[PDB]
Amino acid sequence: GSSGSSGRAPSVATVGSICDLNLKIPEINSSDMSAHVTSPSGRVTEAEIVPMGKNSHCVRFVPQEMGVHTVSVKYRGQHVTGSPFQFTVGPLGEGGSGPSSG
């Protein structure tokens with residue numbers, strides 16, 4: 001468990017919307033990396049690592065509403081610095097903006 005709470009903080013991720021994880025670790029290759037989105041219900045899946053550029057990994061995954069998931073990233077059989085990375089999902093957001101054309 002955590003040591004309490006960090007006051008307040010915005011939504012790092014969005015519900016339904018593709019969640020990309022900005023990771024920059026040149027000490028490792030995307031060909032030897034692994035990611036898995038674990039759900040608070042007991043369901044974990046495999047995330048995809050898209051080539052962003054220089055030692056840049058983009059973990060694309062679809063989170064849930066009001067659900068805190070954990071990103072399990074291991075390397076050569078050893079969790080990477082920081083990982084696992086836990087993040088809380090918030091509201092998708094009230095979208096809808098545009099003039100009256102048609």
# chains A, B, ... in the order shown; residues from 1 in each chain; ligands from 1
>>> residues_around(residues="region 8-13 of chain A", least_positions_apart="3", cutoff="10 Å", atoms="only C-alpha atoms", output="VMD selection string")
chain A and resid 5 16 to 21 62 to 64 68 87 to 92
>>> write_last_selection(atoms="C-alpha atoms", output="PDB file, in the first residue's frame")
ATOM      1  CA  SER A   5      -2.095  10.314  -0.807  1.00  0.00           C
ATOM      2  CA  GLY A  16     -11.845   4.674 -23.635  1.00  0.00           C
ATOM      3  CA  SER A  17      -9.240   6.868 -25.314  1.00  0.00           C
ATOM      4  CA  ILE A  18      -6.000   5.176 -26.364  1.00  0.00           C
ATOM      5  CA  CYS A  19      -3.488   5.521 -23.530  1.00  0.00           C
ATOM      6  CA  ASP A  20       0.107   5.982 -24.687  1.00  0.00           C
ATOM      7  CA  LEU A  21       3.008   5.456 -22.283  1.00  0.00           C
ATOM      8  CA  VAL A  62      -7.388   0.985 -23.660  1.00  0.00           C
ATOM      9  CA  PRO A  63      -7.978   1.619 -19.932  1.00  0.00           C
ATOM     10  CA  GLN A  64     -11.291   1.400 -18.077  1.00  0.00           C
ATOM     11  CA  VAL A  68      -6.830   1.824 -11.659  1.00  0.00           C
ATOM     12  CA  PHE A  87      -2.000   5.015 -12.982  1.00  0.00           C
ATOM     13  CA  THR A  88      -5.591   5.991 -12.196  1.00  0.00           C
ATOM     14  CA  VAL A  89      -8.058   6.520 -15.041  1.00  0.00           C
ATOM     15  CA  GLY A  90     -10.538   9.385 -14.947  1.00  0.00           C
ATOM     16  CA  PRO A  91     -13.485  10.703 -16.989  1.00  0.00           C
ATOM     17  CA  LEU A  92     -13.330  10.521 -20.785  1.00  0.00           C
TER      18      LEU A  92
END
>>> residues_around(residues="residue 24 (chain A)", least_positions_apart="2", cutoff="8 Å", atoms="only C-alpha atoms", output="ChimeraX atom specification")
/A:22,26,54-57
>>> write_last_selection(atoms="N, CA and C atoms", output="mmCIF file, in the first residue's frame")
data_model
loop_
_atom_site.group_PDB
_atom_site.id
_atom_site.type_symbol
_atom_site.label_atom_id
_atom_site.label_comp_id
_atom_site.auth_asym_id
_atom_site.auth_seq_id
_atom_site.Cartn_x
_atom_site.Cartn_y
_atom_site.Cartn_z
ATOM 1 N N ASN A 22 4.736 7.147 -22.475
ATOM 2 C CA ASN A 22 5.997 7.716 -22.935
ATOM 3 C C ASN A 22 7.168 7.178 -22.116
ATOM 4 N N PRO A 26 17.236 4.053 -23.181
ATOM 5 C CA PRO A 26 18.254 3.634 -24.150
ATOM 6 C C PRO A 26 19.071 2.446 -23.653
ATOM 7 N N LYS A 54 13.784 7.387 -31.087
ATOM 8 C CA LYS A 54 15.009 7.038 -30.379
ATOM 9 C C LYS A 54 14.697 6.469 -28.998
ATOM 10 N N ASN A 55 15.053 5.205 -28.790
ATOM 11 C CA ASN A 55 14.812 4.544 -27.513
ATOM 12 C C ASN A 55 13.483 4.990 -26.912
ATOM 13 N N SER A 56 12.488 5.188 -27.771
ATOM 14 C CA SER A 56 11.168 5.619 -27.326
ATOM 15 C C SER A 56 10.138 4.512 -27.530
ATOM 16 N N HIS A 57 9.463 4.133 -26.450
ATOM 17 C CA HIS A 57 8.449 3.086 -26.509
ATOM 18 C C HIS A 57 7.063 3.653 -26.214
#
>>> residues_around(residues="region 71-73 of chain A", least_positions_apart="5", cutoff="10 Å", atoms="only C-alpha atoms", output="count of residues only")
23
>>> atom_distance(atom1="CA of residue 32 (chain A)", atom2="CA of residue 53 (chain A)")
16.0 Å
>>> select_by_dssp(residues="region 4-101 of chain A", states="strand (DSSP E or B)", output="count of residues only")
36
>>> decode(residues="region 46-71 of chain A", atoms="C-alpha atoms", output="PDB file, in the first residue's frame")
ATOM      1  CA  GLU A  46      -0.289  -7.792 -23.252  1.00  0.00           C
ATOM      2  CA  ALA A  47       0.488  -4.240 -24.370  1.00  0.00           C
ATOM      3  CA  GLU A  48       1.968  -3.290 -27.743  1.00  0.00           C
ATOM      4  CA  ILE A  49       5.221  -1.351 -28.094  1.00  0.00           C
ATOM      5  CA  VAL A  50       5.190   0.957 -31.118  1.00  0.00           C
ATOM      6  CA  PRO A  51       8.454   2.467 -32.425  1.00  0.00           C
ATOM      7  CA  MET A  52       8.222   6.167 -31.578  1.00  0.00           C
ATOM      8  CA  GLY A  53      11.825   6.972 -32.446  1.00  0.00           C
ATOM      9  CA  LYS A  54      15.009   7.038 -30.379  1.00  0.00           C
ATOM     10  CA  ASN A  55      14.812   4.544 -27.513  1.00  0.00           C
ATOM     11  CA  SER A  56      11.168   5.619 -27.326  1.00  0.00           C
ATOM     12  CA  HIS A  57       8.449   3.086 -26.509  1.00  0.00           C
ATOM     13  CA  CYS A  58       4.735   3.809 -26.904  1.00  0.00           C
ATOM     14  CA  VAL A  59       2.548   1.490 -24.828  1.00  0.00           C
ATOM     15  CA  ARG A  60      -0.864   1.722 -26.492  1.00  0.00           C
ATOM     16  CA  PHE A  61      -3.713   0.331 -24.390  1.00  0.00           C
ATOM     17  CA  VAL A  62      -7.388   0.985 -23.660  1.00  0.00           C
ATOM     18  CA  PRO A  63      -7.978   1.619 -19.932  1.00  0.00           C
ATOM     19  CA  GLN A  64     -11.291   1.400 -18.077  1.00  0.00           C
ATOM     20  CA  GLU A  65     -13.640   3.895 -16.427  1.00  0.00           C
ATOM     21  CA  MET A  66     -12.849   4.693 -12.793  1.00  0.00           C
ATOM     22  CA  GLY A  67     -10.431   1.772 -12.858  1.00  0.00           C
ATOM     23  CA  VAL A  68      -6.830   1.824 -11.659  1.00  0.00           C
ATOM     24  CA  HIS A  69      -4.553  -0.362 -13.782  1.00  0.00           C
ATOM     25  CA  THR A  70      -0.888  -1.270 -13.324  1.00  0.00           C
ATOM     26  CA  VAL A  71       1.706  -1.432 -16.102  1.00  0.00           C
TER      27      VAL A  71
END
